[PDB]
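Coordinate-derived values only; no laboratory data. Virtual Cβ from ideal backbone geometry, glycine too; neighbours counted across all protein chains shown.
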Amino acid sequence: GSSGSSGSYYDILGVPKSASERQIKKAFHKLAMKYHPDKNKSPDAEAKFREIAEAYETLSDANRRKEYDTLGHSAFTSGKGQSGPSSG
């Protein structure tokens, strides 16, 4: 099947649920580079990075990351838009 198993930030970035602030930014940074538009030529890169960044922003701050950890992926991502009510 496809080769793009995404979902939770921790996955997109590749950091543990208890990853330290330094670990999160550390992992992301490296990634952003591999998917950076300035380096990456492929058109998909630009898009991919669009998911890596947003993922970090949340796991970058304190409260932001605290919520995404106390609520969850689909939980924290429940505002004004289409969510994933899927049971499991």
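Pairing the Cα long axis of helix 21-34 with the longest principal axis of the chain, what angle in degrees results, from 0 to 90 and rounded to the nearest 10?
Result, in degrees: 40.
Kindly provide the helix-only [θ] at 222 nm of the chain, computed as the sum of -39,500 (n - 2.57) over DSSP H runs of four or more divided by all residues, to the nearest 500 deg cm²/dmol? Spell out each step's value before the answer.
Details: 4 runs with 44 residues, N = 88.
Calculated from helices alone, the mean residue ellipticity at 222 nm is -15000 deg cm²/dmol.
Only four residue types carry charge here, +1 at the Cβ of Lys and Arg and -1 at the Cβ of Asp and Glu. Report the dipole size of the chain about the Cα centre in Debye, rounded to the nearest 20.
Charge dipole, the chain, about its Cα centre: 260 debye, nearest 20.
Calculated FRET efficiency, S60 and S87, Cβ-Cβ r, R0 25 Å, to nearest 0.05? List each step's numbers first, then the result.
Values: r = 31 Å, r/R0 = 1.25.
Result of the calculation: an efficiency of 0.20.
Applying the Karplus parametrisation 6.51 cos²θ - 1.76 cosθ + 1.60 with θ = phi - 60° to the phi angles of the range 5-14, what ³J(HN,Hα) value in whole Hz is obtained for each residue in order, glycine and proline being reported as x?
Per-residue couplings from phi come out as 7, 10, x, 8, 3, 2, 6, 4, 8, x Hz.
Shape verdict for the chain, please, from the Cα gyration tensor: rounded (a/c under 1.5), prolate (a/b greater than b/c) or oblate. Kindly include the intermediate steps, with their values, before the conclusion.
Working: a/c = 1.96, a/b = 1.27, b/c = 1.54.
Since a/c reaches 1.5 but b/c is at least a/b, the shape of the chain is classed as oblate.
Any idea how many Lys pairs in the chain come in under 28 angstrom at the alpha carbon, given 8 or more places apart or on separate chains?
28
Applying the Karplus parametrisation 6.51 cos²θ - 1.76 cosθ + 1.60 with θ = phi - 60° to the phi angles of the range 55-72, what ³J(HN,Hα) value in whole Hz is obtained for each residue in order, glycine and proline being reported as x?
Here the 3J(HN,Hα) series is 5, 6, 2, 5, 7, 9, 7, 8, 4, 3, 6, 5, 6, 4, 10, 8, 9, x Hz.
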